[PDB]
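Have a look below at one chain only, the form deposited without the ligand, in structure tokens format.
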């Protein structure tokens, strides 16, 4: 059973990439056609002639010519019977306690097809994107694997829908936050239902904005709509009964991009006071903590909740400050945990795109990331560990590899390459860490592969040291147990005595300095050289520019030597 499977995806998004890894690592072939136009979708099917079509992320209706000829299954992010384009938005706005995902056949009527598989799950009070990347994605994987087994068996019949309901596209009027009428729980519900797109509209300091990444505040109080404080570029705003933090906003304009709230509001905030809390402080009320440092059982854990895993220059230096603090503490190990949804996606391309000089801001940002990496590497007397609870891409992968040990949750998707951002050389000391893990020949192959790999595949090729756990919480518990056991063994003390000798030696310090110098000379060429492919790629990415064809790295059926 080696199936030829065509994906129909609006973008090759997180769910599409996860399914690509699950199917190809089971020796199926997956070609992708991006959802650009029905004419191109029909052509892709006739070119590739798939055994099965899966649509992980659909914007347009699939043409009848296609799904009447090829068995075509659609992912719907609601339980059986739920129909409509905004299933998760409604489940969050209505406060559903149970939700689910359905794999159904394409049909003439919208979302009316017979059910191949479904999964249900309890809802969290959390952003839509977090539900999509965790509960929905895990359930969809189980559905698709079940359906492939059923498809190959050959006598399967799907289950017609019985009860069903329709929810239309959700209008912004429903999402709009009114500070005087809305209590904190209502503001959170609206922002969660609209994050990461399209955003919940509001007015803040007279500016029409879209709100993203909200957190409740229990200490600061004021008038509704009043800005109460700034913290790490997030703003705290009074609600009907309390206050909420908004970390990111977008102006309500076609060309504007998502940015830290302080950068969107700008001079309108003049006079607001910063209300800082250090990551290592303890507080007994709910508040916004971008970076959190906690110690348990001789292990110092650093959580860094950078929105979308994107690490701005200033976020990197706040992470650096926390790592330096941890290195002065009486812990045996330091664990970098990222956030539940992302370990890291490297430099923050949005704050780079927004800068007066994107090239200069890129230079600032890569030097700040390398300072984090260098601080991690130069830790002679403590174990360092990267715990990847969620996805990582580009420099975010190589940030993890600077740690002594890298572990990841099952189902994490890695993109250890720069092919989507103009072929940057990369830094983060990859020219030291990567050959140490996989060898030079394999390391070059890894960085030449533009397709994603799972954490299981990363473990199998030696890129990371272990993979375990199904949820972020299970992964964190198992990681803590594994590290606790290690640091309480004689093996740890022998390892640290070796590490102390290696990492204070002149030869090693010269080696990693030469690695940083060489990588940054190449990145300087990427950022400032006459060839501006990096800047063009960043613009297309950050501005979400549309596609007019599917590139052959995705579309096997559009490659030069393709036939049959």
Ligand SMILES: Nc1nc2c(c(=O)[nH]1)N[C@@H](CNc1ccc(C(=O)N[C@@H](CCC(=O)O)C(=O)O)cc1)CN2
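Numbering follows the first chain given and starts at 1.
Here 309 to 317 and 169 to 177 are compared by their mean Cα B-factor, and 169 to 177 comes out higher. Stretches compared: 262 to 270, 395 to 403. Higher mean C-alpha B-factor in the entry: 262 to 270. In this structure the maximum Cα B-factor among 120, 150, 433, 454 is found at 150. In the PDB entry, the Cα temperature factor peaks, among 55, 42, 520, 537, at 42. When all modelled residues of the chain are sorted by CA temperature factor, residue 429 is found within the middle third. For residue 161, the recorded CA temperature factor ranks within the highest third of the chain's modelled residues.
In the deposited entry, the Cα temperature factor of residue 474 sits in the middle third of values across the chain's modelled residues.
In this PDB entry, residue 465 carries a Cα temperature factor that places it within the lowest third of its chain's modelled residues. Sort the chain's modelled residues by C-alpha temperature factor and residue 493 lands in the highest third, per the entry.
Not on display, but discussed next: the form solved in complex with the ligand.
Note on contacts: among 61, 514, 498, 26, the single residue with a heavy atom within 4.5 Å of the ligand in the deposited bound form is 61. The contact with the ligand in the deposited bound form, taken as any heavy atom within 4.5 Å, belongs to 110 out of 317, 165, 268, 110.
Screening 465 to 473, 375 to 383, 235 to 243, 81 to 89 for residues having heavy atoms within 4.5 Å of the ligand in the deposited bound form returns a single hit, 81 to 89.
The ligand is not drawn, but in the deposited bound form it has no heavy atom within 4.5 Å of residue 48. The ligand in the deposited bound form comes within 4.5 Å of a heavy atom belonging to residue 74. Using a 4.5 angstroms threshold between heavy atoms, residue 157 stays clear of the ligand in the deposited bound form. Although the partner is absent here, residue 169 sits close enough that one of its heavy atoms falls within 4.5 Å of the ligand in the deposited bound form.
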